[PDB]
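Presented below, as structure tokens, is a lone chain in the form deposited in one PDB entry.
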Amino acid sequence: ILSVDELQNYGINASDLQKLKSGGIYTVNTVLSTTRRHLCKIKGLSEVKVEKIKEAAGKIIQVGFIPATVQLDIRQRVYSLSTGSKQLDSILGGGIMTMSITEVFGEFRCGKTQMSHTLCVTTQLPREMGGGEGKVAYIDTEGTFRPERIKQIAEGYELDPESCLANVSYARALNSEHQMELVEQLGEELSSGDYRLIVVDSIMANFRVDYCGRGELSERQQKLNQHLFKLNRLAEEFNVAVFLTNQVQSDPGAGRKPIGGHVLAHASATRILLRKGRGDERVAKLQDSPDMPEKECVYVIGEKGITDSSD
């Protein structure tokens, strides 16, 4: 993590830097990621300044073709966050993977929110125990965040519940526009490097309501795509994992069919389908993954959150 202040010594005045920090650009990588057309929109920034900044940023970090062997070593930094269920972790290859977007969808009571709360605790577990040992950023759109539940789970893992709660940042996304604003501003908070997980529950809850009908569909997906693109951009640059929960819908024309359309399906690197099972058992199926094959596992929602049926 290199702060935009690093640009200052290369020859950029501090006055511009605040404009960059004003526009939500607190890291050098975010400078390279942002397009020149977008930087120009930043207030107090001219095309001459934008070009100057971009040239300076390249002087610090070089981006270009590199041998896949080198990209393998960089890939070593990725964390695998335990979901609390060893069977579910096995199919996922270790759990939720950082630097990528993971999505879970299914009917109600299927454990989507419960899994999010479990990740809030396990994420704080030290590496080699399924966790990344870092803070968690929680974005609530359903309104079901329960701090007591995290404390109860933390006790199951034998962690100080007060300490675990402190390492979780909670934001309530009142509407889609607010939800997008929260994500765009995560750059400053994440720049510290403490965070490891970003949870959006649920991704499409607000978008479903704000944009209604055929006419709004085109604008809805375009806004959602930019929202997803930013989330994916955040995950890669800060090495944090993005966990998204999604609803489902019934298809009268024709597992359950998720919502969000193709824009969400393409953006999500990993998608898991959660179904109700006999009694309290749940069935998780890995619909889409970049590195793991399709499989199913059985998990149970218990005191410790998501855990193995026997566990």
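Sequential numbering from 1, following the sequence displayed. For the two forms, the rigid core is made up of the largest set of C-alpha atoms that agree within 1.5 Å on superposition.
Keep in mind that the form deposited in another entry is missing from the display, and what follows is about it.
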Q.
Let me spell it out: fit the two forms on their rigid core, measure each listed C-alpha, and pick the one of 274, 264, 242, 53 that moves 2 Å or more between the shown form and the other one. Which is it?
A. 53
**Q.** Large Cα move at residue 12 between the shown form and the other one, threshold 2 Å, rigid core
**A.** yes
Q. Is it true that residue 36 shifts between the shown form and the other one by 2 Å or more at the Cα, once the core is aligned?
A. yes
